[PDB]
Structure formats: C-alpha cells, structure tokens
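J.: Mind looking over this structure? Questions follow.
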Amino acid sequence: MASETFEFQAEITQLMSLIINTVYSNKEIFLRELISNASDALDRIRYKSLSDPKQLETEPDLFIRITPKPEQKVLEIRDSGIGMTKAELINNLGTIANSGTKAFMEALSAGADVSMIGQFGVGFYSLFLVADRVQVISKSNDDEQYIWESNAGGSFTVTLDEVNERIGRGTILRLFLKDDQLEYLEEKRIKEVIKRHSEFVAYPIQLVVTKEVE
Ligand SMILES: COC1=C2C[C@H](C)C[C@H](OC)[C@H](O)[C@@H](C)/C=C(\C)[C@H](OC(N)=O)[C@@H](OC)/C=C\C=C(/C)C(=O)NC(=CC1=O)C2=O
C-alpha cells in the first residue's frame, strides 16, 4: 500500500555512517553475519515449534538460501526462520538503539576488527560494507508480509508488501550491491566465503545459480 517513514535512533545512524564509509578490507564478513542471523531466526522458529508444532506449517522446510540477481546488482539472503512483524521491524531495526551500538563504535575507534561486530549484537548493519541500499522483506506467522527499506540515510520506510513473492515464513535480505562489490554475485566467490566463515551451520545453505543452456 503506502509507505510509513521512520527516523533512525541517532546512534544507529552514526553506526551506519561509520560502516558505509569504511576503507576496511575484510568486507566479506557481512555474509557470515547475515547467515548467522538467518541461522538464529531458524533456531527461534524450531525452538518455538517444540511446544507449538503448527508454527512450522507455513513453511515446513528449514533452510538458508542465497540468490545472486546479477542484472539488478542484487544479492538476496533468505531464511525460513521465525520472521518479523511490522512492529518488530520498526522496533528492532532502527528506532531503538541496540544494547551494543555505542560500545561497538567505541571499540571500532580503538582498533577493533569490524568482524567483532557480531559480538556486539549489531552485525546486521555489516551489510553496509558491500551494499548502499537494502530491503528486509519479512513474514511472521503473526503478521502480514512487510518491506523494511534503508539507504543508510537517517530514516527508513516500512510498507505492506504487495510486490514481492510470498515467503511462506521468514526473511529476505535484499542487498543492492555497490558497484565495487559485485564480486559477491559470483558463485565461486560466494562458495568460498561460506566455507571459510560459516562451517558450523545446522541448516542447509542453498545457492541459486542461473546458467544458460548450451
Ligand atoms: C539474538 O537475536 C538477535 C538480535 C536481536 C534481534 C533484533 C532479534 C529479533 O527480534 C527480537 C528476532 O527475534 C530475530 C530472530 C531476527 C533476526 C536475527 C533478523 O535476522 C533474520 N534473518 O531474521 C535480523 O536481521 C533481519 C533482525 C535484526 C538484527 C539486529 C538489529 C542485529 O544487528 N544483530 C542481531 C542478531 C540476532 O541474532 C540482534 O540484534
């Protein structure tokens, strides 16, 4: 329908600024963070399902799926985890500074590896290493499908989703890659990052590859 617009908490805006404007070299850790987040979302729905089995019926398969969309310069990271409601997207992705935002920034300026970002509970924002824009598309059993969108600006939008494929249940991180980071559309490069930083993931990690038939 129509978008609602929200302002980022001052700390989160600062964090995004740091990250988006970094010379940092090890940018590939963004994928470890998103996969770990995906894995956590999958842990949640599975634990929930222990005493509420019906929760799984909206998407019985538990998986992490990565889909490069080279034409649009887009990389998607999807999971069939618990998903997030409209209120969760608003409350947890910007309007309330995470418990570790300022501390991570303090740590960063002291010499800390950007890769520590996950230990501070703000690793979602690492996607800004390789992307200048992001849509978080999410369907929780408890709500309708919604789109959360940010370009690292000081505000984000949340919109009821009438334009994307239905996700049964879970979350798509749709990354609009920067022009210098298009290597992450490549099958070989993706595979390599996964093997190096994400060896111990309990769920299948699927890669969607689009090849011309000869
Ligand atoms: C331990 O929980 C985690 C927290 C608290 C987080 C808001 C919990 C959230 O609400 C309670 C859901 O329960 C949880 C299932 C949803 C995800 C992990 C989403 O990931 C996917 N694929 O669904 C993630 O990204 C879309 C949303 C925000 C992540 C933040 C801002 C971050 O920077 N790091 C974090 C990583 C975490 O694991 C973090 O803060």
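In the structure tokens, chains take the letters A, B, ... in the order shown, each chain's residues start at 1, and ligands count up from 1 in the order shown.
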May I have the residues within 12 Å of residue 91 (chain A) as a list in words, using only C-alpha atoms and disregarding those fewer than 4 positions away in the same chain?

T.: residues 6, 7, 8, 9, 84, 85, 86, 87, 95, 96, 97, 98, 148, 156 and 158 of chain A

J.: Using N, CA, C and O atoms, can you export the residues from the last selection as a short mmCIF file (atom, residue, chain, number, x, y, z; two decimals), in the first residue's frame?

T.:
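Now in part_26.cif:
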data_model
loop_
_atom_site.label_atom_id
_atom_site.label_comp_id
_atom_site.auth_asym_id
_atom_site.auth_seq_id
_atom_site.Cartn_x
_atom_site.Cartn_y
_atom_site.Cartn_z
N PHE A 6 10.12 6.33 9.10
CA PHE A 6 10.62 6.34 10.48
C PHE A 6 12.05 6.87 10.55
O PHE A 6 12.85 6.62 9.65
N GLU A 7 12.36 7.60 11.62
CA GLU A 7 13.70 8.14 11.80
C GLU A 7 14.57 7.18 12.60
O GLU A 7 14.10 6.54 13.55
N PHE A 8 15.83 7.05 12.20
CA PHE A 8 16.76 6.19 12.92
C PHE A 8 17.19 6.86 14.22
O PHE A 8 17.41 8.07 14.25
N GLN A 9 17.30 6.07 15.28
CA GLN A 9 17.96 6.49 16.50
C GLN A 9 19.36 7.02 16.18
O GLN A 9 20.09 6.43 15.38
N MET A 84 9.67 -11.53 11.12
CA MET A 84 9.47 -10.37 11.98
C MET A 84 8.17 -9.65 11.63
O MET A 84 7.84 -9.49 10.45
N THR A 85 7.42 -9.24 12.64
CA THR A 85 6.19 -8.48 12.42
C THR A 85 6.50 -7.03 12.08
O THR A 85 7.63 -6.57 12.24
N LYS A 86 5.49 -6.28 11.64
CA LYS A 86 5.70 -4.87 11.34
C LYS A 86 6.32 -4.17 12.55
O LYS A 86 7.26 -3.39 12.43
N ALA A 87 5.78 -4.45 13.73
CA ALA A 87 6.25 -3.80 14.95
C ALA A 87 7.68 -4.21 15.29
O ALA A 87 8.50 -3.40 15.72
N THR A 95 14.61 2.17 15.31
CA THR A 95 14.02 3.19 16.18
C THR A 95 14.51 3.10 17.62
O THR A 95 14.35 4.03 18.40
N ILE A 96 15.11 1.97 17.97
CA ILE A 96 15.68 1.80 19.30
C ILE A 96 17.10 1.26 19.20
O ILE A 96 17.31 0.11 18.79
N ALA A 97 18.07 2.08 19.58
CA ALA A 97 19.48 1.68 19.52
C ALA A 97 19.72 0.38 20.26
O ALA A 97 19.33 0.22 21.41
N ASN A 98 20.39 -0.56 19.60
CA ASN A 98 20.71 -1.83 20.23
C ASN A 98 21.64 -1.67 21.44
O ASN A 98 22.42 -0.71 21.53
N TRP A 148 10.87 -3.54 4.88
CA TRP A 148 11.60 -2.51 5.59
C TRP A 148 12.72 -2.08 4.64
O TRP A 148 13.39 -2.93 4.04
N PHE A 156 14.12 5.26 7.71
CA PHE A 156 13.74 4.06 6.97
C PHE A 156 12.23 4.01 6.71
O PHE A 156 11.46 4.68 7.39
N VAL A 158 8.64 1.55 6.08
CA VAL A 158 8.02 0.25 6.24
C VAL A 158 6.70 0.23 5.50
O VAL A 158 5.84 1.11 5.71
#

J.: Quick one: residues within 12 Å of residue 43 (chain A), only C-alpha atoms counted, chain neighbours fewer than 6 positions away excluded, as JSON, numbers by chain?

T.: {"A": [36, 37, 49, 50, 62, 63, 64, 79, 80, 81, 82, 83, 170, 201, 202, 203]}

J.: Return as a ChimeraX atom specification the residues of protein, DNA or RNA that approach ligand 1 to within 6 Å, with only C-alpha atoms and all ligand atoms taken into account.

T.: /A:37-38,40-41,79,83,92-93,121-125,171

J.: Would you please work out which residue, of A:138, A:198, A:184, A:129, is nearest to residue 23 (chain A) when using only C-alpha atoms?

T.: A:129

J.: When DSSP works through the backbone of this structure, what residues of chain A end up as alpha helix (DSSP H), shown as a ChimeraX atom specification?

T.: /A:10-20,29-49,86-92,101-110,187-197

J.: Name the residues of region 29-67 of chain A that fall into strand (DSSP E or B) according to DSSP on the backbone, using the chain letters and numbers of this document, as a list in words.

T.: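 Assigned to strand (DSSP E or B), within region 29-67 of chain A: residues 64, 65, 66 and 67 of chain A.
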
J.: I need the residues from that last selection saved to file as a tab-separated table (two decimals), in the first residue's frame (with N, CA, C and O atoms), if you can.

T.:
chain	number	residue	atom	x	y	z
A	64	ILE	N	18.53	-21.95	4.51
A	64	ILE	CA	19.11	-20.65	4.21
A	64	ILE	C	19.39	-20.70	2.71
A	64	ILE	O	19.96	-21.66	2.20
A	65	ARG	N	18.97	-19.67	1.99
A	65	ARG	CA	19.11	-19.68	0.53
A	65	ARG	C	19.69	-18.38	0.03
A	65	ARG	O	19.16	-17.31	0.30
A	66	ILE	N	20.77	-18.47	-0.72
A	66	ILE	CA	21.42	-17.30	-1.28
A	66	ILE	C	21.20	-17.22	-2.81
A	66	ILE	O	21.51	-18.17	-3.51
A	67	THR	N	20.69	-16.08	-3.30
A	67	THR	CA	20.35	-15.90	-4.72
A	67	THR	C	20.94	-14.61	-5.28
A	67	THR	O	20.42	-13.52	-5.04

J.: May I have the residues within 9 Å of residue 137 (chain A) as a ChimeraX atom specification, using only C-alpha atoms and disregarding those fewer than 2 positions away in the same chain?

T.: /A:83-84,135,139,145-149,161,164,167,170-174

J.: Take the selection from the previous step and output its residues with N, CA and C atoms, as a compact mmCIF listing (two decimals), in the first residue's frame.

T.:
# COMPACT_ATOMS: atom_id res chain seq x y z
N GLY A 83 10.80 -15.03 11.18
CA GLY A 83 10.30 -13.81 10.57
C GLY A 83 10.05 -12.71 11.60
N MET A 84 9.67 -11.53 11.12
CA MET A 84 9.47 -10.37 11.98
C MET A 84 8.17 -9.65 11.63
N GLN A 135 16.62 -3.95 1.33
CA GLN A 135 15.24 -4.19 1.71
C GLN A 135 15.23 -5.45 2.56
N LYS A 139 8.00 -12.14 6.72
CA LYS A 139 6.69 -12.68 7.01
C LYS A 139 6.76 -13.53 8.28
N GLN A 145 3.04 -9.81 5.31
CA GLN A 145 4.39 -9.59 4.79
C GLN A 145 4.66 -8.08 4.69
N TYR A 146 5.82 -7.64 5.16
CA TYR A 146 6.18 -6.21 5.14
C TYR A 146 7.55 -5.99 4.55
N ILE A 147 7.78 -4.79 4.03
CA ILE A 147 9.09 -4.42 3.49
C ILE A 147 9.69 -3.28 4.32
N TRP A 148 10.87 -3.54 4.88
CA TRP A 148 11.60 -2.51 5.59
C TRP A 148 12.72 -2.08 4.64
N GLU A 149 12.89 -0.78 4.45
CA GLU A 149 13.88 -0.31 3.49
C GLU A 149 14.76 0.83 4.01
N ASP A 161 3.54 -5.43 2.03
CA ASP A 161 4.15 -5.97 0.81
C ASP A 161 3.14 -6.50 -0.21
N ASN A 164 6.35 -8.34 -3.81
CA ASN A 164 7.34 -9.43 -3.82
C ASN A 164 6.70 -10.81 -3.76
N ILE A 167 6.73 -15.13 0.80
CA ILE A 167 7.50 -16.02 1.62
C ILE A 167 6.57 -16.54 2.70
N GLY A 170 9.42 -16.25 7.09
CA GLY A 170 10.85 -15.99 7.17
C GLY A 170 11.23 -14.61 6.68
N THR A 171 12.46 -14.49 6.19
CA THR A 171 13.01 -13.18 5.90
C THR A 171 13.93 -13.22 4.70
N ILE A 172 13.79 -12.21 3.84
CA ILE A 172 14.72 -11.98 2.76
C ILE A 172 15.49 -10.69 3.01
N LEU A 173 16.81 -10.81 2.99
CA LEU A 173 17.63 -9.62 2.96
C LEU A 173 18.01 -9.40 1.51
N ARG A 174 17.49 -8.33 0.95
CA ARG A 174 17.75 -7.96 -0.44
C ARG A 174 18.75 -6.81 -0.48

J.: Mind pulling up the distance from CA of residue 105 (chain A) to CA of residue 155 (chain A)?

T.: 19.7 Å

J.: Find the spatial neighbours of residue 209 (chain A), counting only C-alpha atoms, within a cut-off of 12 Å - ignore same-chain residues fewer than 6 positions away - and output them as a CSV table (one decimal) with N, CA and C atoms, in the first residue's frame.

T.:
chain,number,residue,atom,x,y,z
A,65,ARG,N,19.0,-19.7,2.0
A,65,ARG,CA,19.1,-19.7,0.5
A,65,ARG,C,19.7,-18.4,0.0
A,66,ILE,N,20.8,-18.5,-0.7
A,66,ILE,CA,21.4,-17.3,-1.3
A,66,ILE,C,21.2,-17.2,-2.8
A,67,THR,N,20.7,-16.1,-3.3
A,67,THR,CA,20.4,-15.9,-4.7
A,67,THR,C,20.9,-14.6,-5.3
A,68,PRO,N,22.0,-14.7,-6.0
A,68,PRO,CA,22.6,-13.5,-6.8
A,68,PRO,C,21.6,-13.2,-7.9
A,69,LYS,N,21.3,-11.9,-8.1
A,69,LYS,CA,20.5,-11.5,-9.2
A,69,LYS,C,21.3,-10.4,-10.0
A,70,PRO,N,22.3,-10.9,-10.7
A,70,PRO,CA,23.3,-10.1,-11.5
A,70,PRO,C,22.7,-8.9,-12.2
A,75,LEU,N,21.9,-9.1,-4.3
A,75,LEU,CA,22.2,-10.4,-3.6
A,75,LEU,C,21.1,-10.5,-2.6
A,185,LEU,N,28.3,-11.5,-6.4
A,185,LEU,CA,27.3,-12.1,-7.3
A,185,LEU,C,27.8,-13.4,-7.8
A,186,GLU,N,29.1,-13.6,-7.7
A,186,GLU,CA,29.8,-14.8,-8.3
A,186,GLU,C,29.7,-16.1,-7.5
A,187,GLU,N,29.3,-17.1,-8.1
A,187,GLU,CA,29.2,-18.4,-7.4
A,187,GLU,C,30.4,-18.9,-6.7
A,188,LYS,N,31.5,-18.8,-7.4
A,188,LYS,CA,32.8,-19.3,-6.8
A,188,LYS,C,33.2,-18.4,-5.5
A,190,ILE,N,31.1,-16.6,-3.6
A,190,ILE,CA,30.1,-16.9,-2.5
A,190,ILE,C,30.5,-18.2,-1.8
A,191,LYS,N,30.7,-19.3,-2.6
A,191,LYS,CA,31.0,-20.6,-2.0
A,191,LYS,C,32.2,-20.5,-1.1

J.: What does the distance from CA of residue 4 (chain A) to CA of residue 157 (chain A) come to in Å, to one decimal?

T.: 5.5 Å

J.: Between A:118, A:111, A:154, A:168, which has the minimum distance to residue 55 (chain A) (counting only C-alpha atoms)?

T.: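 Using only C-alpha atoms, residue 55 (chain A) sits closest to A:168.
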
J.: Nearest to residue 204 (chain A) among A:29, A:21, A:35, A:179, with distances taken over only C-alpha atoms: which residue is it?

T.: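 Ranking A:29, A:21, A:35, A:179 by distance to residue 204 (chain A), first place goes to A:35.
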
J.: Please compute the CA of residue 151 (chain A)-CA of residue 19 (chain A) distance, one decimal, in Å.

T.: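 Going from CA of residue 151 (chain A) over to CA of residue 19 (chain A), I get 12.5 Å.
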
J.: Would you list the contacts of residue 106 (chain A) as JSON, numbers by chain, taking every protein, DNA or RNA residue within 12 Å and counting only C-alpha atoms, but skipping same-chain residues closer than 2 positions in sequence?

T.: {"A": [11, 14, 15, 18, 100, 101, 102, 103, 104, 108, 109, 110, 111, 112, 113, 114, 117, 120]}
